[PDB]
Every structure is written in structure tokens, then in C-alpha cells.
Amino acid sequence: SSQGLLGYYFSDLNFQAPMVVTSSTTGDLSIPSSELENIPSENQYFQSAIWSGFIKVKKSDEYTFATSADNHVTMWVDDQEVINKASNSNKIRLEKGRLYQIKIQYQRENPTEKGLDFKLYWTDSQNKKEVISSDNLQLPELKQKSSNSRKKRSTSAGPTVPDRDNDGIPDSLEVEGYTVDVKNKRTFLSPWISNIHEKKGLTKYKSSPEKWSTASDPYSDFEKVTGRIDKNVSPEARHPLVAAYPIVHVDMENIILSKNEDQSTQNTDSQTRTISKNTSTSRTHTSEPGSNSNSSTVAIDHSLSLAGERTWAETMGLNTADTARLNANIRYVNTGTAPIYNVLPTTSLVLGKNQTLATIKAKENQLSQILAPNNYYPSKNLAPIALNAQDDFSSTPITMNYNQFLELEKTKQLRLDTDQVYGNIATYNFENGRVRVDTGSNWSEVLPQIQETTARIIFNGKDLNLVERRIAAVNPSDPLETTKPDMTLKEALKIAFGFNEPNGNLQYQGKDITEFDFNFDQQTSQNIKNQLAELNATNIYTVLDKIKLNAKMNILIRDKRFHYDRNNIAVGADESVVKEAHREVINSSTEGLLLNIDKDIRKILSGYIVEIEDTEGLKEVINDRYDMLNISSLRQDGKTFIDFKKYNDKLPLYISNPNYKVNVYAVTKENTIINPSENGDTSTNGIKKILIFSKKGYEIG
């Protein structure tokens, strides 16, 4: 179906203006004029063509080859001419289960019909003639190396379409620009033509004629654009300028802490004394100069989970000589553009700066599913992985000594550092036209080259989570990399992240590019500054189509509404933004508030404080504890309810005088208190909070 001979159809007589490149499943190599909608009528006249591939016979015999235009054809089988501008009955012996190279050239001056009607036949020893069937034809070996049975180069006899990197796309098309259009059953690759293709919304591709994969990834420029590729590769990475590669971090969903048994305590029948908390995990990115790493940071919930206000040690019965253990539920997350099949990366679980508590490994070659881009392992419809699994005798306890435990209690943070060891790659095989995991292909042989030859953009426009993409970009000092097309900042955002420009303004899902800020590493910053100066431009947002990306740039693009920590996690927002986000109140009562709040805003709030203010200006704080601020919840209808009763002994607010005010304040993550004060105070005293609702009793109804 994606198999057969590869054909190049030229408008000129001498094989130099390719109009269509496409495959044929059978010996019918025709292109009817009805299929040439994307070619100018005048270029629909084909004066030459070349086909290449292999023939595999099902039975040894003597065959004679013929075409529908023998006077215009020369054909080679494994370097030997079988047709030479004349019909013949010259038989050739072909052996079953052997592969023979095929090259066919056709030339005809001034055709009177558009397209091409052309069939390749053979006749066996019994004198039966037919168009060669699909089971007998295979594509050329369009790879960087030959296989044992299939040479990557066609015979030096006759014409060679210039294809320096052997990906299948002619040099000239890669440089000048090409488009791909899907006929009913075939993909046609043709030159870009402004006045035809622009209006139709077709993508203009350019790629390096000297790089088999312009992004230095494991899929060729041709494989990508013709769909001869792992179906799990992300849509954006089907562009030859966007790198296809996995990017993995670990998400921790919840944690349970408990005291380790010890030989001195023979008693094992005591009551449960564990601490269980939800956790929130974010993939991070830091200013570390040379970084190319995977890491995530875990925030352990500090909100009320059990009676009293005990220390963790008191809760768990931990004395100073005891040790504690952690278990957790996790998933792997692939935010990259290619899947993983047989090796999950190894992860260190780290306390503080550099105290490793655990090394998390999965068994190689025993994955229960693929880890696909924009997805999880295990999938979300399945249970997560427990670090110490119930079925597993050999899971290492994740232990902390007393001092480490106290440090975890104080910081309520862990870090997960994940390596970039991703295993084998599923590649396309031209012999059988299928994608399979290839034992000879490994991500570790690809990643360094991807990292060296691309510009990196990290963007948080999807739910404020950091998503990295890499785009092929020129390196002015590496000659091979100068053969790549110019990559602009505007184009990179379109092809890598799906920005569009419906009305003269670049947008991501309705939000203008000006709603996002640009952050650069030191070298990228100097580069971009220099470019702006050379453009006489004072504002980057008006010249995104003129800013050129270079290999090894690092660009970070973040939603401007938010405040960010050093990990580039969103942790707050300006008071004006938070106030406006809460302005639309659906209902209010002594039981709480019902509001429509934007999902991104909700992400940066740790909770709310409710207070009644009397006429003299004194305030009664209702939920007056740092661990009692979790009073918001998202309803199924998408609305947020702020629950006044939850920490008011299950009672609606009592407003003794209608002139009293009910005030509700939002507390952002960056302002959240996560421990009692040094003096032991557990109240909300001093917490930096943002007034988001204030109404008198008679206004609440």
C-alpha cells in the first residue's frame, strides 16, 4: 500500500524538473491527469520519468519484460539492460526469493496528452503476460546504509536523479520547497508553487538535500512527509524541520509515609500510623547554562489530613533513632514527539539538593504498553505504578533517617531526575513497507546530534506546563548545517507548536503571541540582540518572521499573566490579574461562593481565606489555619465553589449584623505557608493574600 516502485515524473526531457514523486503498488505506473490538480496545466505534460526499486519473484523462471512504450524506454535489472528503446523477447532468468534491482527511464518529447499512461509488464516461460503484481515490487532502499539483501544505491548505468542524501526527495525540491498532497491511495510530492498552494492551505516544506533527516532524528525527510513512519510520532514532527524524539519525566500523584520496622521492635500488631498526602508534580526548566536534562519537582500537600496539629514524628511515633519509608504512585509522562517501546529511563528521587533516596527503574523489554507522545505510562485509564508494588517481593524501601525525615517535613518537596536512556526505535523498512522496533536503532545514537543541530523552544501555553520542542536550525560555523533552510522564529512557532495567523497576528489557540514573554540563555540573548540591531528593530514581536534561529539556541516562552519560580513553574500572578479572574460571581450565600474561574488561574492558587469584618474593622478569620485553606473545588459544570462551611464546624457563616462584610481572599502558591511559624503559630497571621470578594451581609442574600 505504501509499497511498490518509486517514480519521478519530469516536465522536461532530461530529468531535471521533477513535478511528481510518488510510488505505484503495481506495474501500472500511470498518473492520470485527474490526479494533477496541484500542478500547473502546462507542467502536467511529462517528458521524462525514472522509476526505481526491486523485484522479488515468487517462482524461478525466465521472464521477458515489456512496457507500454518500449521505443521510449530503457530498463535495467541488476545493472543489465533488458529493454533498450525497442521491444524484444529477450528472456532473463530470475530466481525465487532473490531481490533484483530495477531502474526504468522514459523519455518522450512533446507529449500531446497530460499525465502519463505507462505500464510495466512481464511474461513468464508459459507465455502468460501481465502487469507486474504488487507482491513482486518493492521500494528502493532509501536509507543511510544498505541492508544485506537491498543495496541503497541504484545502478550507475543510466540516469541518477540527484539525491545526495538518499532520502528519496530530489536535491532541487528540498532546496526550493515542496508540498505533499494525498490522492485517494497515493501521496504526491511536488514543487511548491505560490499561486496554487498558498490558498489551499498546503504546507510548504524545505529540507537539507545533504541530510537524510534534516532534524538529525531517526526518520528521513521522505518518511516523514509520506507517512512512512511510526504512527505514534507526533503530528508536528512529521515536518522535516521538527525533531521527533521522546522527552520523559515522572509525575508523582500521591505519597504515603510510615515508620520502618526494626529488629528491636518484635511487635508488629500496632495501629496504622501512616501519613498520606496528595502531591503535585511539574516538569521543570532552569537557568543552568548547558542543560539538556529531564527533571520534575514534587510538592507535597500541606493541607489538613488528620486530627490534631501533631508533628510528622509525633504522628508516626518516630524517635530520633528511627527511620521512615516512603511509597508513592507515579506515572511516566512523554511530552516529546516520538514514542518509547522497550526501555524506560532511570530516575533518581532526590531530597534537598542532592540526597538521593531511591533509584527508580523499570524492567527493560518488558513494558506493558508503548509510552506515546502526549501520553502516560501506564495510561490514565489504568492504575499508576506504586514505587513499592504489592506484587513485588524485591522492591527497595525508600528510606529516610530521622534528620532527612524532618527535612522532608519542612520542605515538602522532592525532585525526580530522569536520564535520557530511551532504548530502541521503531523505523520504517522499505523491504516490506512496515514499521517495527529495530534492534539496530537506538535513541542514544540520535539524541546528541538532535541536541547539537537544533534550536530549542520551551513553551508553557498548554496548561502552564513546560513543553520542549526542537527545530532544525542553521549553524553558521558547521558547513553541513548551512545546507538547511533558514528557520525563523515565527515559522518555528507555527510548525513546532501550532501557532497560526488568522488575521495578520500570530496566535496560539486564540491568544496573541504578545501574551507570552521571551526568555533566552546568555548566548541566545546576545545573538537575538545582535539580529534586532541589524534589522533596526526595537520590538521583537513585530519582526518574528525576520529573526533567524541557529543551532543550540534556547528560547523559553511563558504566559505573561503569571509569576514563575526558578524552575519556571507558575506560582503566582499579579493582584490585578487575580482580582479580575474572580470578578464574575454566579451565586453567593452564607454557605459559600460559586464562580467561573479560568483553569490557569486556579492552577496558581493554593486556597482561600474567609473572614467576617465587623463595623469597627476587626476581622474574624473563619478558616484560620495555614493547613485549612483548601476550601475550593471544581464542579462537573466547570464552576468553582468556595466552601465556607468546611472549616466552620459544618455551619454556614453567622453574620450577626447585615452591615458586617464577608471577605474572601485568594492565596497564591508563592505566598503559601507550608509549616507552622518558628514560634509555633499555625494561624494565617501574616499570610500575603489577595482580596477577591467583599460584600455586606445584606448584599449576600
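Start at 1 and count along the sequence shown; that's the residue number.
> Is the mean CA B factor in the deposited entry higher across 236 to 244 or across 535 to 543?
Higher mean C-alpha B-factor: 535 to 543.
> Is the mean CA B factor in the deposited entry higher across 659 to 667 or across 52 to 60?
According to the PDB entry, the answer is 52 to 60.
> Determine which member of 411, 530, 403, 147 has the highest CA B-factor, using the values in the deposited entry.
By C-alpha B-factor in the record, 147 ranks first.
> Name the one of 262, 580, 167, 176 with the greatest CA B-factor according to the PDB entry.
It is 262.
> Sorting the chain's modelled residues by C-alpha B-factor, tell me whether residue 100 ends up in the lowest, middle or highest third.
CA B-factor rank for residue 100: highest third.
> Just say lowest, middle or highest third for the CA B-factor of residue 609 relative to the other modelled residues in its chain.
It falls in the bottom third of the chain.
> Check where residue 616 lands among this chain's C-alpha B-factors and tell me if it's the lowest, middle or highest third.
Tercile = middle for this residue's CA B-factor.
> Hey, what third does residue 421 fall into on Cα B-factor, ranked over its chain?
It belongs to the lowest third of the chain when residues are ordered by C-alpha B-factor.
> Please place residue 13 in the lowest, middle or highest third of its chain according to the CA B-factor in the PDB entry.
It falls in the top third of the chain.
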